[PDB]
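Residue numbers (PDB author numbering), protein chains in the order written: chain A, 47 to 127; chain B, 12 to 186, 213 to 228, 239 to 292, 307 to 323, 359 to 621, 631 to 915, 919 to 994, 998 to 1106, 1120 to 1362; chain C, 896 to 1133; chain D, 717 to 776; chain E, 2 to 210. First up is the structure itself, then whatever we jot down about it.
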Amino acid sequence: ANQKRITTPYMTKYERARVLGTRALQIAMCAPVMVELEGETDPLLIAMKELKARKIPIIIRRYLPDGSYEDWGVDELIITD
Amino acid sequence: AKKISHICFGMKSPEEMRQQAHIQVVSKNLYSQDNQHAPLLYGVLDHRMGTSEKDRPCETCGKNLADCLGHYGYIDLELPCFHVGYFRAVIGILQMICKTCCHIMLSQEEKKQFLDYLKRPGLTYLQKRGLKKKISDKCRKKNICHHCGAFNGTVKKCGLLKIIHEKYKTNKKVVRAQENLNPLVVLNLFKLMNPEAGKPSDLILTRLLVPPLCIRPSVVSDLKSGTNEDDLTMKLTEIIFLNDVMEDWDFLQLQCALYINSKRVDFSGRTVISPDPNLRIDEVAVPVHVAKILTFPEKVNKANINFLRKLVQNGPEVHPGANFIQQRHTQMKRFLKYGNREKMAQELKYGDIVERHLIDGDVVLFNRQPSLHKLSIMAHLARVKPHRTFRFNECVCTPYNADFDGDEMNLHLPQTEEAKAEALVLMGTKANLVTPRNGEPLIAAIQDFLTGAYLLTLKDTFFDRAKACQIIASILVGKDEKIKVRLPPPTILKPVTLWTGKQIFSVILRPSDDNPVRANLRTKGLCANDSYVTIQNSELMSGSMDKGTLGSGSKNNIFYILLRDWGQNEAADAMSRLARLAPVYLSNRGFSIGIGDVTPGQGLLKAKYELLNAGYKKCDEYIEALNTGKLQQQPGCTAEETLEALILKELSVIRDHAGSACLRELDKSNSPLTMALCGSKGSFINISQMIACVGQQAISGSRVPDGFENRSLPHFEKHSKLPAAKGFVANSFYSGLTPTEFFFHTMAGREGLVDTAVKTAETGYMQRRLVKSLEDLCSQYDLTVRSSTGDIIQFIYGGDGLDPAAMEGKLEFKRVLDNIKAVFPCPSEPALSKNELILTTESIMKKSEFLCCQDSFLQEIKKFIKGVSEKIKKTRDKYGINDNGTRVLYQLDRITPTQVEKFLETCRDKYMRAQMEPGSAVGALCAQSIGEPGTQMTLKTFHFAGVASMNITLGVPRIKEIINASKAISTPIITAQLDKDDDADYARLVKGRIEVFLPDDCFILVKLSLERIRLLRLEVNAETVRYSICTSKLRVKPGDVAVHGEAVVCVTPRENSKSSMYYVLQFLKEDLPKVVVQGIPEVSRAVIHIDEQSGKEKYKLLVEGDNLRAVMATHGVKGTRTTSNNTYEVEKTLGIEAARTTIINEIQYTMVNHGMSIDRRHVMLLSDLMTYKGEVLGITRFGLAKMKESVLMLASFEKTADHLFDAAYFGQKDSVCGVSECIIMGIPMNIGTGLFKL
Amino acid sequence: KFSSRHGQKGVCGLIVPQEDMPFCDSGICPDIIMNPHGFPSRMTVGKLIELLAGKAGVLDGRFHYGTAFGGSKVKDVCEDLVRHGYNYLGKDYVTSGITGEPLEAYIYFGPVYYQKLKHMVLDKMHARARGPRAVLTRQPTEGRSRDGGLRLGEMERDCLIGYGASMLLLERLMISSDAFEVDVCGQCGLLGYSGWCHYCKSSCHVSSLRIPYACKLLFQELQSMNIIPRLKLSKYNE
Amino acid sequence: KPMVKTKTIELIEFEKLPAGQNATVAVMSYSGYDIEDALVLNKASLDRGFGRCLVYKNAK
Amino acid sequence: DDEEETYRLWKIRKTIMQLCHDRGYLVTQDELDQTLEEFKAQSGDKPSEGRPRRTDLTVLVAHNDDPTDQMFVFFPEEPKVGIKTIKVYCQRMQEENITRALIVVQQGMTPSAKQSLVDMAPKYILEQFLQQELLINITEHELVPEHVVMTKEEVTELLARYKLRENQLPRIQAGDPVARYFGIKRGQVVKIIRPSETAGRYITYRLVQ
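Next up, the structure:
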């Protein structure tokens, strides 16, 4: 699915914030826990821990109803800045 | 797998309706009547039949109360009754079936209409019944072009009666059961053609079926006192007497008609608001007794269990605790008054889910009304501080109107952590400071921070090393700032070392930065400098702050110099160092408006008394004159009350003189002087209403009218206008006023109580209607908008692809020069005349963003203009390095290759960051952009306008007329130019080109004032009058042509011989009025503007009559610049994008009045919404014939009414199926990013 | 809530203790404190004077009048303040409690007459624990009669939907009132069970769709008033 | 009682029944809480009785 | 009636001539740019002073897109146009087997003959135009962008490059005069380059339906 040419070398802020949300649910059910499992060790701040991810090994796939599946690995592009 | 994707209303599925049948009619009584008790009976009001009590065997569901979805059951009654809706249908359409034959609707035909119906969308088949609305049953039976005429039957509108005689028609009517027809023949003839959905047969009112008991609540008092229910359709069980069995059918349907036919809140709270600035900008705080509001998921995680059990042991009456925790086995257990618990097996007892209090965000939301921006409810932090206010950083009161009367405020509680993280890091730090509706910061020093910081900046204030105290609430301070501070050096070494007041403001010593600014609110030249502040890299060179250099300005701030370069997280943390630095300086200096702050000296009261004498003298001179006129008015044109404009501007001269006397001797160590030198609170026209002259009031941009005959107030003299008899106060609120200057104050005072009270008349409707009509707009990644069917609205955002989010300084070529000024790469010098080196850097530029491309079309369109800009920079540098250097190397004329490379990298960064789609959610932003700027401002914009005529016509309520495009618009004003570049006479000739005597008796009609009146009004002729009177000799009544009249040098219009001896009436009127003296044959008055604007003399034609093409023969012209101000007329007269541009500019005239400049791309988007199909049908508040738009807006008729019921009885679909229904229907959104398909 | 006699309706921002409030020289420290930012843009100059005829009417024993279109002017009051030892202007010479040395610019004083309004922050304690959508009237906790708190009416959800973030709106939808995954469809299915629908347990028509009870009430109340009942599903996947 | 009163306060007779405390007052900017019409009312006058309330209510 | 004859000749001439450039035909310039004396050279400026029979405009000049077969235009001196004179025009068309033509409604033309022009299209596409009205051409007006039309293959090209079906673009219905000056039939896309400042050319595409 190499229809990935019509995105700026940045994911959008909406997609990035929502993927942070779904990673929140991931690390908030039991554990996909990552590079530091609970090195940041704090009480009930579920969201504010996986915000510090900076690697995010997961894939997200962005579309258009009259278009195909423009896919994107989180790794292969620049971040919120 | 799949939730709702496409769902509409629900109905009776007869099978599952009637398997759950228990009882239809058990007996004459219900509710366990005859038992003399009430165990549970009778089998239909109980068990279930729809779960309307504490518990019983829920049918197909379970268990009580909810999740017992409405249970059905056959409760048939079989009372004879028919289709009341189709009673009305048969009465209206007059026997649409052509009973009693029901022959084929069409014959051959012309199959063209056949295939057209079969190959077109729905909501159209009504045309077949429309064709046969009348011809039905009155035609040739078994013929061509139709098959009806059978059998002589037309229906009578005798109320609900449908009497069908064998009509002639109109010759066979009877009165009492003869010549009737039965709806059973209608039913048989079923046994607009579509029995797949449109079946009138099965809707027979003989097998009536009931909605379940989930509609009806019964308040069983536990006392057997009142069990009322509503309505409902089952009630006809009590008619068992008549259940045993044409006018009879009408009686039965009349009996039927009695009882057959016609995201709110979660986890909230509200208290009063009184904030702190000790709460860091992102943080907020709530009361403490909101922790006593609970039942949160906070689903337990493995890393959390111990930290959760810490608070689990607390229970009902401790703040950091837990209560009502949801247990593993779906049986949640309480620790409230029945707690006696918290043994808490340490890993399993709540191994799934817990629920704590507000400890740390844990975000909460805050409500406001009206919610002008989307930034009236934002995302911000917690923890937790008491004293049940609504405290938050007081720099952000502007987008909330957190008004301080003590009127309460509403708090949310979000108890779901899915998009909560998404919400908290998208609308929490980027929503606050930057708005797309205006492009101006909302967060700002509201007040005294402005004056406290100003006073710091004042060149006077000299400080102490002992005044490192006030430093330390800022950068040696509360949480998240305790690094050191570099102690700005001892900026005096006199006999008296001292710390100037500026670099006590410019203080922070963690994460060093760089900045720049200019252009505060003062004059130009070193003029006691309160402007061109010229901040360098975090120091404060010159200047003194202001609302336009420390508050909600535009391009110079602590944001657009510390949001762009350097990023976020350094703007939300210089505002806090201000919030605790400056306003805890005033508490060591004090502001106190005494009285001497508002007393003018007794050495310049003169300048008010003598000017009062002079003013009243000249006004009296003119007012005397208007009876004799020696000066004189005429000019003015008019001149009756044009000794209004002159006296208005004489009192204006009086108030200007007075004001300027109110603002000269004010000694600079003054209050409100120091609350208008700094935009802080109030202006220079309020240090004048308190010192010299509060005059003059008005009413509607005009002095106080009468209301007693020819005099305003009775405490005056008849017919004598003056600066006293028509409101002109002259007493400053210091020496307050007199009872003929107060009652002319609560009548312009009653504007700001009617202005701000019918402001919420038009906005309350238009805001909700714009939101309801413009949701489907999306921003899918092809840089193109799409619609409900994915129809293209745009292709770019105007070539640039940009949207107003990243509107950095002028976009982005002047401020960034300063940005790279402040980080100095020293090594370089002028040796080679670096202009050529600048061209080499332009070459590395040309290379370094030809690797541009991505989601693109946003850089090449401006890449060459970038190049041109650096080329002109190089040219200016060449001129400077030549002339200025014709030795500090002329400051080295800094520019280096490193600086220009960094400059181009920053340019690329901001150009590629400001890129919308990908993203982008452009629709609702533009919707509210065009909406609420109609709500905020109406005060200082449409009333100055004080006071003059000549082309100031409308403001905000023109939005209504543009959106609706209603034909009742009373200002169809059509502007157009002329032989424009001319003099008054040169264009006046064409102006004249733009465009009355005794009727007699005894064989003669009339005459005309054909004398020089016309020859000095407009070029016409007696022959033109003859030609006009020849045209029908009248309007709308049959006069003559008479071929012809006017057989004399002055017209003798030959009243045509009295063939209609009835009237000399028309003979007089039809000639009396103007025929060749209207200039468009249907128009109100023309206009002329002999006005000197844009330097030269402009000349226009403000004609007020539809439509365009009125400017065909204005041989002026100026045809290139012909324009209009009515959308639907310019739709047909002129081009499509012509009307698009007129809609763009029309809503960009309602917003040029003072301040408000909404983004041009927003009105561009609205205009693109206007003209999907080209043929301009602008988005009206009631509906459009534009199928690529959203069909939801059609249903919003303001509001839903009986028409939907009538359409339902006709089997017609409803158009509420847009996306505003989604919030009531509770489904995920699917557009742009919500349409995931792996 | 406070008022002022001049439509100047402030609220208690802080509540400072005695020792921190400024004291003039005699020993007087304020009860209330205003800041001179309500005046220059409201222009109530009927308050910079009320504090002249307070402090001049008590320091002398008088009991003064400023009456509509009459009153007592500024000159006689100024002379009264002179006679009992103050400015013409009645502006005291205060030192600051917090640090203990004179305020740099003088400080207005004297008696005001603060009214104390209704509508406090204790009659306005309101909060809501949970809101479900009921079965009796099939409503969420709207306005009153269920709790205090919020009411997202017309303009409120109009703002809610106008954000610009996709599943922020999705979350607002999913948490609005209720999102019960009840089973219902068109092909032999209605508002009933999931695993074995006693309505129609065809075993191929299980849906479990998130829906607030309001739409179900619409289904019921429109069963009486006949209308096209479209019902169908679609794949979330490819 | 009011203390800057009006000849029409007497005529109402409702200056025998005044509606507000008569308060010493400064004109002074304390520290960022005052700002948009907000009042730093000192304690030790709430303590000494400045501005009680006696909110009644009624159960029938 | 020179006072209106002159401007009639000027403006009608310019409209029809640059409607010939609307079909991209060269009508040499000296027919477009003239002076009043040159319009006297055209027609004496008075072949119809007070409506005698003028030298009928009747362009009848083949276009360049169709440089061979049939592209011609009439002009009726009758202030009102009727059914029979429209029969006269259509039989004049039959005399040379035309494809498209042009009848002018000077003031008002009968609705029955309006429907006739509606129905006599197949060999001679005829129109109810008030062509002496609409006397200033909108495409000539400097407030409307050029309504450049594209052929169907370029339509498919562009809607593939921007990934759209041919029933989902913006549209322009033939009723609006921007789609009458070019005489555009169904299933076509018009390019309307919006004028601006950053680039000066923002290209947009509009269908017929």
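Every residue gets a Cβ at the ideal spot worked out from N, C-alpha and C, and that includes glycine.
Within 8 Å of any Cβ in chain D, is that where the Cβ of residue i sits?
i	result
C:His901	no
B:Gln465	no
Taking only three categories from DSSP, how would you classify residue i?
i	result
C:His901	coil
E:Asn138	coil
B:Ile1080	coil
A:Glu116	strand
B:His415	coil
A:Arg108	strand
B:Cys491	helix
B:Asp1092	coil
So, residue i versus residue j, is the Cβ gap smaller than 8 Å?
i	j	result
E:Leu136	E:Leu127	no
A:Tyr109	B:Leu522	no
E:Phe76	E:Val105	yes
C:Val911	D:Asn758	yes
Can you tell me where the beta strand (DSSP E) holding residue i begins and where it ends?
i	result
C:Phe1075	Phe1075 to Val1077
Within 8 Å (strictly less), CB to CB, does residue i reach chain A?
i	result
E:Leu159	no
C:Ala1060	yes
B:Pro909	no
E:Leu165	yes
Does any CB atom of chain E fall closer than 8 Å to the CB of residue i?
i	result
A:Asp112	yes
B:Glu1299	yes
Does any CB atom of chain B fall closer than 8 Å to the CB of residue i?
i	result
E:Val149	no
A:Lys59	yes
A:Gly119	no
E:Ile139	yes
Relative to the alpha-carbon of residue i, which residue among the options has its alpha-carbon at the smallest distance?
i	options	result
E:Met110	E:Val82, E:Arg202, E:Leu131 and E:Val145	E:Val82
A:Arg100	A:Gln72, A:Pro111 and A:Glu82	A:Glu82
B:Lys754	B:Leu710, B:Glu1135 and B:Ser807	B:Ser807
Quick one: give me the first and last residue of the alpha helix (DSSP H) that residue i is part of.
i	result
E:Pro112	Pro112 to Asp120
B:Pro1008	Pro1008 to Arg1024
A:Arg64	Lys59 to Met75
B:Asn402	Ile401 to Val408
Can you confirm whether residue i, when its beta carbon is compared against all beta carbons of chain C, has any partner nearer than 8 Å?
i	result
B:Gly548	no
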